[PDB]
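Alright, here's a single protein chain in two forms, structure 1 and structure 2, each given by itself as structure tokens.
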Structure 1
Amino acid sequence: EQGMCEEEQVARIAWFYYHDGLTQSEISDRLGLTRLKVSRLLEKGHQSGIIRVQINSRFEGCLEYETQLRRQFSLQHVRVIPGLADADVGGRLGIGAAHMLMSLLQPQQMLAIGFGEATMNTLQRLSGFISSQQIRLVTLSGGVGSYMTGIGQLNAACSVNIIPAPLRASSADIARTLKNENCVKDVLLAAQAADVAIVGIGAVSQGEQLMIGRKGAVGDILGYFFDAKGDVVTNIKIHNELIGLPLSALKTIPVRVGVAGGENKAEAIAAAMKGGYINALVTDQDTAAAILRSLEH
């Protein structure tokens, strides 16, 4: 500190390394800090999205796949990240999804957010941008503590508007009761009103899973299950136990992005955009191929 808070240190380290091409350790003494600390803060700038590296070409991602995907599914935006062997697909989908949202969010707009590894992961890589552009966050679903891995990153300064309830009530009546507490009601409407949504997609509660497969549920968004035609599965108990925005209402959000990938995900992702729940998608190559395969059929 000389006498700069962390953020400044990071923003500066960046400029010196990139815009001026200075040496890693030569930076060290110019801001009067240890060479190890320089090395750290350069990573933290990338991990938290202070540093944004844009690739400005039609070939950022797998162009061929992206374009077929827009065509077949009528997508407003699409990114297919270039494949890798054994990589943490969760973490890689992270960077991608963060970088796309950086291109989509206008200053002070509102981003609704789901739970789950990918979404939390994307939010981690978007903290720099979120505060830098005063993006306002709203939880799409209950849970409170499960969002903490993505919103624990931010400055006190950021508006994060949480639904004050757990993800799922223990019975359907309790869940209805909760949905009418002014507090929950308020954030629920807040969420619906957002500009852009970011959600994970689950593919398919030990006893319940078999019964879900039975009804030909293909995947889930925010906890709600849908078949391959994309329509939300009926007479599942969970759906009325969930506190949070129902899929019908998610649709209000002008641009809603799914970030999902993995070997089993293909048909759940596809069923997702047939249903209209997402109109933007971030995946990886192998999953893009898979989705297209599945369409030939």
Structure 2
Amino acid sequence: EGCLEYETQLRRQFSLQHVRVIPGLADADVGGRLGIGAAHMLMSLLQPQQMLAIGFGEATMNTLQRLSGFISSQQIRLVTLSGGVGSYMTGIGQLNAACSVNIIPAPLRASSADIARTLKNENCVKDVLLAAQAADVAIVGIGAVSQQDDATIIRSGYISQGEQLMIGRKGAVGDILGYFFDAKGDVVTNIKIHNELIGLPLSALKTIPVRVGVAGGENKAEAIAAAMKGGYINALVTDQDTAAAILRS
């Protein structure tokens, strides 16, 4: 298996604690094979009654659906890392028998930094932000500037195409929870979406001890590498082709 070998190299080069590389060769159902792979990794990492913090987007929602039965049975508590309420869970498949679900009551992005700060200070939002920063495990997707128009953050209308082009001009390669960072994994400073986001910042996300990124696609390799170099994730679930590309870059 090329996959064990890729797992070993990624694990060594990025000093990861856990890695799964999925045969991404050459089958055309990767969005779902990823969610399966991250669900399995999360099943091995969470003990009963622990708390799992969840991120925004496609790979994490897809992962969450796979994990719904493990969630009830092991009584895992869920908490949202970001605003963007409806996009979450919204059905999701349920749970219960003492399984809490804690949701930031706010959009992902406010229209101004002033309003973002106000919302962050509301009690119902502060309470969930604290919970999230206290989780045992986090699961997040990673977005890439180079996806341009396919990016979830563009297709949800959370940023404009103009914003994305300036974000790229400014040196960003990728994002986690809407926060964008450069090739060395540092969060880019002069970007106004950052102060408009309602959720946990990246510097707080790193308090969570096990942080799993699920992301594939060759156009994400640069972004995923920079996320590992920044330390925002310390475990990775991806596919072979993406794994290859990450290593070369």
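In this text, the rigid core denotes the largest set of C-alpha atoms whose superposition between the two forms falls within 1.5 Å. Residues are numbered by position in structure 1's sequence, first residue being 1. Only residues modelled in both forms are compared.
- Superposing the rigid core between the two structures leaves a single residue from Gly150, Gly96, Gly114, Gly223 with a C-alpha shift of at least 2 Å: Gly150.
- Relative to the superposed core, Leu84 undergoes a Cα shift of 2 Å or more between the two structures.
- A C-alpha shift of 1.0 Å is found for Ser159 between the two structures, based on superposition of the rigid core.
- Mapped along the sequence, displacements between the two structures of 2 angstroms or more at every C-alpha, sustained over at least 3 residues after core alignment, occur at 84-86, 148-158.
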